[PDB]
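A short write-up of the structure that comes next.
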Amino acid sequence: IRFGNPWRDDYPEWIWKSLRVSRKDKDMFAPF
Amino acid sequence: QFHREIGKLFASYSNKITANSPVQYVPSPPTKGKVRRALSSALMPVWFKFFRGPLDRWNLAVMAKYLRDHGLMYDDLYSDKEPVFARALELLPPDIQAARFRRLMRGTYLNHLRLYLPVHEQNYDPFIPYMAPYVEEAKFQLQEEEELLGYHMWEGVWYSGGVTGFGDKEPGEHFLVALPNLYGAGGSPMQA
Amino acid sequence: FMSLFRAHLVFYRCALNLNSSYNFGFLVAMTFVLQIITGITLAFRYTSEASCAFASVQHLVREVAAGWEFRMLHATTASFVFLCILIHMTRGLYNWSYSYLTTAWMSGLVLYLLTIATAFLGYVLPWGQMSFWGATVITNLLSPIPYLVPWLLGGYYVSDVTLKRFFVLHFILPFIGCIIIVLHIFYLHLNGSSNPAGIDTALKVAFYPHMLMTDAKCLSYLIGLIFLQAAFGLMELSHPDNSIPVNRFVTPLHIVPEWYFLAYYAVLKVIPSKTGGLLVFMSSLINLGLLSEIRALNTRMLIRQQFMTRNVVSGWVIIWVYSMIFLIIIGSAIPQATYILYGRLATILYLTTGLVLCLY
Amino acid sequence: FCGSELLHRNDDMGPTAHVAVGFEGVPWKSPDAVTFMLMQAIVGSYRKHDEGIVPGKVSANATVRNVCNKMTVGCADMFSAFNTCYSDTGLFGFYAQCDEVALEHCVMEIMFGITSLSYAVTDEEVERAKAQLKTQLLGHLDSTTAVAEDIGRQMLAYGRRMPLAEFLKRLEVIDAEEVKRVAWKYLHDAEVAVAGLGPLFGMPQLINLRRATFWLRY
Amino acid sequence: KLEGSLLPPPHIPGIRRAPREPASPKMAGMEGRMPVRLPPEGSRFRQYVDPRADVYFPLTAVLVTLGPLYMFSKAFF
Amino acid sequence: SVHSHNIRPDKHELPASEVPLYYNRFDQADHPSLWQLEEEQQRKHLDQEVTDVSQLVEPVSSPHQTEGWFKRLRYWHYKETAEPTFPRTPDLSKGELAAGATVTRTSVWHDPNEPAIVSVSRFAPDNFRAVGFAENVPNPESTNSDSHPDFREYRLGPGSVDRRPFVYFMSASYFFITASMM
Amino acid sequence: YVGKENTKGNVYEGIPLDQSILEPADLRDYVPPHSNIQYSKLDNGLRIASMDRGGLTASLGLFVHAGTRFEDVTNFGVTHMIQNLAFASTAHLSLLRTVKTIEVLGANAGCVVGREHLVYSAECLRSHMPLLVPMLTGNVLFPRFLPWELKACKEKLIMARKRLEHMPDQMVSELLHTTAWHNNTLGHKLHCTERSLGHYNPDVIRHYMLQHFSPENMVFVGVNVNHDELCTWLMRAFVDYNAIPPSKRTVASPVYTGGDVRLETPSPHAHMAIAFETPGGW
Amino acid sequence: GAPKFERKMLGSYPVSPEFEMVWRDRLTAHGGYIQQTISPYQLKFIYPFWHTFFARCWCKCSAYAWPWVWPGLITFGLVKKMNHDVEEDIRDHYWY
């Protein structure tokens, strides 16, 4: 158990990956 | 003559204290009486194994992880609203000072975002004592001023110069000396 | 006075990481201003006579345009005054704000005392059963000194004279409040606010654009919630028993103060000696006052980080909060041996965890 | 002895104002003469230009210290106290030089000084003053001229010459309560005389200087 | 080689080095946890330290500091 | 400021020459300039890769320091209890610290082979640095971690619309609701 | 003064000053002291000279052979810095404690720079001599030169000349010197110029002192003190410590240039001076 | 507020009243720094919040578990046990 544990806490790998995603030079509401 | 008699009392007591003075370092008497030392020594094997041990280990784990998340050192927790530490910071050299400034900036930003650092950024010991040589000097310097100037309750002129008169040396730091002007543009103490 | 306005509320520079927990002061001030508006417009139609006060309050609701709205806004905003104050206090217990904001903390305590007094005086003016018997109880509680109680009452028992002077006092005290608020803010901005991180930092940012908008956002939420509760009545904040006319020779069969007074009530239920009762309040308030100079009670140099995150030990402030909530729970219930037993347990916790804050 | 002021206002001689304030003293032969010689030293002197090795802001003399810390810049160019004894009367007081806008503090600080002698002086200060007074007086009497002048002066003033041991023995036994007695006898709630020259727009009233001689505290 | 977060110092002429601790053998119960050091080898503390107790401590704290008060209260209040 | 210090003698807290709460091992240089060299000769823990929390280096200082009833925090460094007239002599053989009082009121700086004026010069507070200093003390290059997003992934670039209409419409909407309520 | 032991107060209260209070016990039959100079030397090299005239106040002075004529292009201004740092922190005393103690003993003390000498001196009652010998010798035995004292003491280097602008006579003196020996030895200025505030770091001060402040370049002189006590308390000062070791320094002959110089300012007189050299000097 | 050695200015122009608080809290930039900002009219401002939601929420919830919830659970326990004791009392004392 890493959650809430000062001996082990760290993000899950999928949370570390969610921060790598990119939407640079895209915009989906431009028509409005 | 009341005052001279009480003088005599004070003087004799002070002379007793003076006569017992050592001329060299002598180890301090223990902080606890022999009864409590005995009781602690008796209960050590249970108390340290079950309770004190884990408490003192959990504490350091908590502290270390919180400091590493943000990239602070331990001596980054002290303020400069504390006179001794203010002096210590005045005595610092350029490099240490600059690094402290940078770490405080980064810690502020990270606590704003509430994002952990990567674990490879957390590989350092946060509990190095980098302020000690300067805190000891500050303590010396601020102790001598008490000894040589602060030994009496000095008497002053009241509510003059922007200071209350009971000891302050910075203007308008107390309510009864607020609002120094009614017209004009004011001013600042640092530009006098 | 415009130049001061700009210096303190536009160009004043804060720390970047001030989150919502630092917005509740502004909020209590706003509930003050709002409560003052509704106060004054309620005074225009209230009657200060024991023979007819009750019906005077009923006339507003029944026969006056928008009569109901001002009474209910005034009644409900009080709860938010106290809720915001308690959040505001607990934040600074959590952070150890009083380490360097010494006089601000003292001023705070004085303002809280003012608010208690103001609320309790207000609570008597509608003149129902609960009002009369509450006044009786609290006036008997401060009896230790001869003749002080008939003097403050005006009379041998709670009377129309008592109503008249309570009304005038309730009129006056809030404005003294306002003056002390100015004093409060003087001490505050003399020093400068603390961070949630409890470090000193140069990453400051000005107030007007960034923090002003957060203040405004929370203000929207609070206005929302006040109107929700005021118009629809979701929670039974006030007991029904103040709806009954007064009788000087018969008590109500069940008794529950306003929630912000229940913990105190709990104490009066469980401590045997009446003087012990009163001394508990005096002692706890003195202990809170004592925190203003905590730097002197020890020779180790102090830090503001209490390292309560991820900590299995928790912290004395959290135990204090839970003890206080438990006391509210027990306050609410009937007098019975088991409730009293757990009452005494909770009371010991509440007293001890306050004493212990000084022992770093 | 008349309590009056005599002020020469003049704004065409630069920024500096000169002032002297005086009290009634005691004759040569008075028993308290020595105590007066000591009080003059307890108030002492100061110069902003030339200072020795002790900064004024940390000096043991409280009057100098209070003057040098005023408005953080300090409010006087020079001040010095004085005592003069005549055959049947004396003068006791001080002389000062200060800036046009500093004059008020420049004067009231030193009046506060002198009024302290009757309420709050302590033996640290008395012994410092004894040390400095002894250094001064015993330091002059080196050459033949100083000795001959002293012989003649004492011969006219006392009908004799007082030997060193007598002066030292009479000086030794004065403590704080004795100073606090004599001052209360002659200086508390007394008349004062004033003279000044220069940019005296700042100058205090005569009645201010006269009501200064007592404290309402205590 | 060395205990704790130290690394062997370079030999630089003009700098005087303090003595540094050699490494010590670790005990059972510290597998897979953020490491926190043990007492020195010649102390009295190292006779009674037991890392395996850090797992039950969240219960030990409550038992010790709140159970006796509960017992006393139920006995007398 | 309005804040005092609290330098006073104390019987619960022995002075720092007697019982320091920090880890009392310091290296000493003949001249602080030499500290430059070590910064370009040592290894550093932050130059090397780790992946799990269990691999982080372990603190040098002991967890077991502060004791007493109802003391949550178990670790501290600095205190202002006052020094005596004759302080405890530092033992430089064990790399203990010598600073302020312990330089002035002690023989610690004395050397048989060297002039006194030369000998005292090595005991300014810049001449001492803890053990582990060059290896553990961070010195950031930026406030931003390369593992977090900055403006580069949110900036509206070439080809984008103008948003002034939207911004001012947002705020006008807020205001007209506000005015109706008022 | 925590209370006072004697309660008798002013025992001569109310006695006029033309009425004696001496008892016959306090009379003496006068014996003069002997007032020819006494000469001694410590083992490390220090020379001591003393006289007594039976005065109550003593004069004490330490003389060092370190003037400004010994500086060079890398040193200019160092002697002024040292003088401006007199009675600052040393091995066993702080600056504050030193000056406050000198004040409370009642003494007057100071330091003076010339073109060939540096002098420290003090003065008060003769019974305080044992407490003054340390504070005078400290300055040459083991000063610390903490940076934050150098930095705070800097403005006094400039005021020294800023005051010369209203002392025309002294000004002309300095002009004469710098014109007579242009750019060498006695020609050097007695103050720190702007160019002199660069090398205001402890290492230059310390390296300069190591070349001049050895004992055999010093003299200690006392007037109105008993010589065996002076010798004893001076010996007890150098016994524990290593003094600055000797150096076989050499000194160059001044070169006299002469020349001419003018300096105009609103003074209402024409001040003029003409001079010629004395070959060989003292 | 700030220590006197930090609030000492380099300039000498008079501080205007409306800037009082600004220069009472002056601090030195030891070592200097470089900063960049983009006008909020040229940034996305609701996508950056949701893009970093899970990390922020993990951090916040992790930080509060032990200190706030565990004592909460214990208190909730105590309330349940008190209810038990009362519901047994009320029968012992008054039911035959």
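Each chain carries a letter (A, B, C, D, E, F, G and H) given by its place in the written order, and its residues are counted from 1.
We adopt the following convention: a residue touches a chain if its C-beta (ideal position, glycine included) is under 8 Å from a C-beta of that chain, and two chains touch if they have at least 3 such contacts.
Novice: Using CA atoms only, can you tell me which chain is the most central one in this structure?
Specialist: B
Novice: Between B-G and E-F, name the chain pair that shares the greater number of C-beta pairs in contact.
Specialist: E-F
Novice: Suppose chain centres are the mean of their C-alpha atoms. Which chain sits farthest from chain G?
Specialist: Farthest chain from chain G, going by C-alpha centroids: A.
Novice: Between chain B and chain H, what is the separation of their C-alpha centroids in Å?
Specialist: So the centre of chain B lies 25 Å away from the centre of chain H.
Novice: Could you tell me the distance, in whole angstrom, between the mean C-alpha positions of chain A and chain E?
Specialist: Measuring from centre to centre gives 35 Å for this pair.
Novice: Just curious, how far off is chain F from chain D if you go by their C-alpha centres, in Å?
Specialist: The answer is 53 Å.
Novice: What residues in chain D touch two or more of the other chains?
Specialist: Those would be 58, 122, 124, 177.
Novice: Residues of chain A that touch two or more other chains: which are they?
Specialist: 4, 6-11, 19, 23
Novice: I need the residues of chain E touching at least two other chains; which ones are they?
Specialist: 4-5, 32-34, 36, 45, 57-58, 61
Novice: Which residues, counting only chain G, touch chain D once they are in their complex?
Specialist: Where chain G meets chain D, its residues are 1, 4, 8-18, 20-22, 26, 55-57, 86-87, 96, 99-100, 102-110, 123-125, 163.
Novice: Could you list, by residue number, the parts of chain B that touch chain G in their complex?
Specialist: Touch residues, chain B against chain G: 1, 4-15, 90-91, 141, 144-145, 148.
Novice: Considering only the defined contacts, which chain F positions touch chain C in the complex?
Specialist: Per the touch definition, chain F meets chain C at residues 2-4, 6, 8, 10, 12-13, 21, 68-73, 76-81, 143.
Novice: Considering the complex alone, what residue numbers of chain F touch chain E?
Specialist: So the residues of chain F in touch with chain E come to 25-31, 34, 37-38, 41-43, 45, 53-54, 56-64, 92, 94-95, 131-132, 135-136.
Novice: Per the contact definition, I'd like the list of chain H residues that touch chain F in the complex.
Specialist: 1, 36-38, 41-45, 47-48, 51-52
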